Number of protein chains: 2
Amino acid sequence: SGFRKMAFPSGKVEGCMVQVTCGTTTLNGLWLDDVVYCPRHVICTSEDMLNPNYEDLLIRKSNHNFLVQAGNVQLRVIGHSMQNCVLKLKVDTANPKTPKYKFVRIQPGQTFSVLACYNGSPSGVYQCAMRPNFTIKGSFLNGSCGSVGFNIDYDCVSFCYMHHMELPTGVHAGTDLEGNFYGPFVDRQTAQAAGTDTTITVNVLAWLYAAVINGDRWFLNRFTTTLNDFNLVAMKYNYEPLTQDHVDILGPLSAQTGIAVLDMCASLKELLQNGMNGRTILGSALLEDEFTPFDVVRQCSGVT
Amino acid sequence: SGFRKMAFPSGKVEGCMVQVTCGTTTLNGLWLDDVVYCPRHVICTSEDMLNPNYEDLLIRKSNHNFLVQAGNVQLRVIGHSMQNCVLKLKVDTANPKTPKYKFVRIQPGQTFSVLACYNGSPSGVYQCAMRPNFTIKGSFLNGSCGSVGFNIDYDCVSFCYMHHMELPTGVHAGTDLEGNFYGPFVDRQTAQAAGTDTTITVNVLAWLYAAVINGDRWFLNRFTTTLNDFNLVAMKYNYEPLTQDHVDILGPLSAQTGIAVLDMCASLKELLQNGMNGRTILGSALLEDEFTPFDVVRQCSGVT
Ligand SMILES: COc1ccccc1OCCNC(=O)c1cc(=O)[nH]c2cccc(OC)c12
Ligand SMILES: COc1ccccc1OCCNC(=O)c1cc(=O)[nH]c2cccc(OC)c12
């Protein structure tokens with residue numbers, strides 16, 4: 001028993017982190033096979049960030065201007081190309097620690113682990129979720145760009161995020177491993193504001209199932225509701241609308257606990273309408289929305 | 001900016017996890033040099049757990065009864081000995097992935113990362129704290145015993161915890177790497193209850209400094225207090241008494257923010273007396289006590 005914000009083991013990803021320097025800027029890169037992936041803003045000076053023309057900036061760069069270091073050994077760059085907002089630095093050596101991998105673009109509401117890095121060295125690992133407004137609430141300082149987000153399926157690392165920037169609001173923006181930003185964000189130091197940060201309803205419900213499985217049942221009530229009635233309440237509290245697909249995905253948690261999805265929805269409805277009254281659920285005083293139904297099942301079953 | 005419950009990268013520890021089987025029981029072991037460390041309750045049947053005599057149980061065991069597997073390869077056991085509540089299985093091969101390590105016994109209030117494992121395979125990593133009642137609020141299922149707690153100092157892994165059991169209350173008990181339990185717990189399936197779980201005051205204050213550093217300042221007030229006045233309030237809310245050593249340790253956070261430790265104590269006092277009024281601090285609706293002053297400085301400075 002017990003329920004923690006758990007990240008995937010980071011070893012397979014640690015073996016891919018490298019340092020990429022271009023001019024005076026040093027950030028992180030991801031070394032997979034004979035390619036190093038990094039944010040293209042590595043080629044910018046802090047002055048350039050206000051309005052950079054990356055194609056023009058890239059013309060002044062050659063293979064030898066990109067310094068790639070894995071541990072204390074320098075990698076030889078034999079090619080460079082821009083794919084959307086990432087640079088792909090072709091190196092002459094394939095990473096001997098390359099795990100089985102995939103590049104996946106995630107949907108809002110999905111979760112992933114972040115291995116925060118500075119100067120190509122891992123400093124920590126934590127669990128995140130892609131917010132419905134396509135930001136992530138990470139923990140990143142200067143030098144963290146190029147840190148990646150990932151999921152692990154047994155021995156296969158699915159890379160889903162690469163860190164690019166912090167918005168003036170302190171939230172984080174980035175791309176998938178093909179260089180496309182999540183959301184409307186651009187790699188420019190400009191007025192960019194995130195939209196409404198709505199609560200991931202399907203994740204909150206999954207976390208209520210985890211609480212029931214772990215013994216916290218005070219919030220269970222004698223009521224039920226309908227998808228339409230529940231969503232009237234969800235909209236008022238800036239919660240994502242619950243769909244029949246979400247009910248279906250919550251199916252195995254409903255089967256495990258014997259509590260119907262709509263019954264759990266009515267408990268959530270009352271928690272939204274009346275608050276927690278000074279009580280806690282899984283050691284938290286608010287409704288947690290950064291555990292998907294898959295994370296709850298995985299944590300409550302022991303998937304290694 | 002941003003503040004997350006961050007665990008250390010787990011790679012160095014993943015390379016030490018092995019599976020140890022004795023009879024029908026399989027748990028995790030820690031392979032360092034030519035020794036595999038595991039809970040001694042590996043030699044027990046579920047019947048034995050009610051009142052095991054480990055010396056008598058160990059007499060019936062030989063080197064060949066302890067099956068040690070690292071990945072898909074079997075390790076040859078050439079020795080076995082009991083040190084307090086851990087077994088030390090001498091293997092004929094030194095772990096080639098052994099990192100620089102130390103065995104340290106931690107104080108209550110200190111934090112560490114846990115790499116939860118099942119069948120010698122890592123499933124997840126999370127951050128924990130040794131509670132003042134010597135329990136940890138982990139996330140562990142059947143098969144997780146032998147999972148370890150650790151801290152990392154650059155390239156040196158300081159092992160501090162080995163998981164042994166879950167108390168009837170759902171909290172977790174375990175030992176240091178020399179086999180001595182944290183707290184009064186014994187490796188017996190018996191009526192064992194944890195004492196009062198007090199709040200680690202020095203950690204809450206450090207997390208209030210992290211909140212100020214990250215922009216959350218609503219709780220800052222026009223008041224100050226004294227160590228004695230603060231502790232009168234701390235005792236009433238089952239908070240650990242704040243000492244001059246704690247004030248000293250909070251020194252660099254006080255210097256960084258310009259907020260005196262006693263001023264932060266008065267803000268905490270008002271938060272205890274009046275609650276958060278529906279507001280949040282670092283995305284939390286309660287006072288977080290599982291970040292030491294060192295964790296806050298590390299996370300807010302970028303220690304890799
Ligand atoms: C506005 O900056 C950019 C705009 C578009 C594209 C890139 C931009 O930044 C590049 C450098 N960013 C970081 O290293 C940075 C990332 C982060 O998540 N947190 C920080 C916290 C404090 C200071 C920081 O940088 C000085 C960071
Ligand atoms: C009362 O048991 C013991 C007493 C003393 C010493 C050892 C005891 O347990 C040995 C086996 N323990 C685990 O594998 C176990 C550990 C854990 O933290 N959570 C669980 C959650 C559900 C089921 C579980 O085991 C069947 C566990």
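Here is the naming used below: chain letters follow the sequence lines, and residue numbers restart at 1 for every chain. Computed from heavy atoms alone, side chains included, the values below leave out hydrogens, waters and symmetry copies.
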_Check this for me: B/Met49, atom CE, are more than 12 non-hydrogen atoms of other residues, nucleotides or ligands nearer than 6.0 Å?_
yes
Self-check item: Any donor-acceptor N/O pair, B/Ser267 side chain to B/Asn221 backbone, under 3.5 Å
Solution: yes
- Has B/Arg217 got more than 12 heavy atoms of other residues, nucleotides or ligands less than 6.0 Å from its CZ? no
**Asked** Going by heavy atoms in the side chains, are B/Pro39 and B/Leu27 under 4.5 Å from each other?
**Response** yes
| said: Could you tell me if the side chain of B/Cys128 sits less than 4.5 Å from the side chain of B/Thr111, heavy atoms only? | reply: no
Taking C-beta and beyond as the side chain, do B/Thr201 and B/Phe230 meet within less than 4.5 Å on heavy atoms?
yes
task: Return yes when atom CG of A/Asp155 has more than 12 non-hydrogen atoms of other residues, nucleotides or ligands closer than 6.0 Å, and no otherwise.
output: yes
Heavy atoms, side chains only, cut-off 4.5 Å: are A/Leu287 and A/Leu271 in contact? yes
Exercise. Check step by step if side-chain contact (heavy atoms from CB on, under 4.5 Å) holds for B/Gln189 and B/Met165.
Key: CA-CA 9 Å; B/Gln189 185 179 326; B/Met165 63 193 201; over 6 Å; no
Is any NZ, NE, NH1 or NH2 atom of the basic residue among B/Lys5 and B/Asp295 found under 4.0 Å from an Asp or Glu carboxylate oxygen of the other? no
Check: A/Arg4 side chain, B/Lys137 main-chain N or O, donor-acceptor pair, under 3.5 Å: yes
- Hey, is the main chain of A/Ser10 close enough, under 3.5 Å, to the side chain of B/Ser10 for a donor-acceptor pair? yes
**Request:** Using the side-chain contact (heavy atoms from CB on, under 4.5 Å) rule, take A/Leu232 and A/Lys236 through it: C-alpha gap first, then chi angles, then the decisive distance, then the call.
**Result:** CA-CA 7 Å; A/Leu232 278 191; A/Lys236 178 164 109 74; over 6 Å; no
Exercise. Using the six-membered ring wherever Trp is involved, compare the ring planes of A/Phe140 and A/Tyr126 and label them parallel, tilted or perpendicular (cut-offs 30° and 60°).
Key: perpendicular
- Query: How about A/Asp153: does its CG atom have over 12 heavy atoms from other parts shown lying under 6.0 Å from it?
  - Reply: no
Residues B/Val212 and B/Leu220: closest non-hydrogen pair is CG2-CD2, 3.8 Å
(request) Give a yes or no on whether B/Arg279 atom CZ has more than 12 heavy-atom contacts from other residues, nucleotides or ligands under 6.0 Å away. (result) yes
Rounded to the nearest 0.5 Å, the NE2 atom of A/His172 sits from the CG atom of A/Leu167 at a distance of 8.5 Å
**Cationic N near anionic O, under 4.0 Å, A/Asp229 to A/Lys269** = yes
Do the side chains of A/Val202 and A/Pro293 get nearer than 4.5 Å, heavy atoms only? yes
Under 3.5 Å side-chain donor-acceptor pair for B/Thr135 and B/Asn133
yes
Handout entry: Donor-acceptor side-chain pairing of A/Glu166 and B/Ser1 below 3.5 angstrom
Key = yes
Next item on the list: Give the intermediate values and the outcome of side-chain contact (heavy atoms from CB on, under 4.5 Å) for residues B/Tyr239 and B/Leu268.
Entry: CA-CA 11 Å; B/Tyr239 262 63; B/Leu268 174 54; 4.1 Å; yes
Report task. Check the angle between the aromatic planes of B/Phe8 and B/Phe150 and answer parallel, tilted or perpendicular using the 30° and 60° thresholds. Result -> tilted
Checklist entry - Is the closest side-chain heavy-atom distance between A/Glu288 and A/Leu282 below 4.5 Å? => result no
Closest non-hydrogen contact found for A/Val303 with B/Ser123 is O-CB, 3.3 Å
Ring pair (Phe, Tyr, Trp, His ring centres under 6.0 Å) test vs B/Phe3 passes for just one of B/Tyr209, B/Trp207, B/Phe291, namely B/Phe291
More than 12 heavy atoms from other groups under 6.0 Å of CD on B/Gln107:
no
When every non-hydrogen atom of B/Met162 is compared with those of B/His164, the smallest separation belongs to O-CD2, 3.1 Å
Residues A/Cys300 and A/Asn214: closest non-hydrogen pair is SG-ND2, 4.0 Å
Practice item. Scan side-chain atoms only and decide if A/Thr198 and A/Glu240 contain a donor-acceptor pair under the 3.5 Å cut-off. Key: yes
Checklist entry - Is a donor on one side and an acceptor on the other found under 3.5 Å between the side chain of A/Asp176 and the backbone of A/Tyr161? => result no
A/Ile200 and A/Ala129 have their tightest heavy-atom pair at CD1-CB, 4.5 Å
Smallest heavy-atom separation, B/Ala266 atom then B/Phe223 atom, equals CB-O, 3.5 Å
### Message
Counting C-beta onward and ignoring hydrogens, is there a side-chain heavy-atom pair between B/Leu205 and B/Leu242 closer than 4.5 Å?
### Response
yes
*Tell me, yes or no, whether the heavy-atom count around A/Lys12 atom NZ, taken from other residues, nucleotides or ligands under 6.0 Å, exceeds 12.*
no
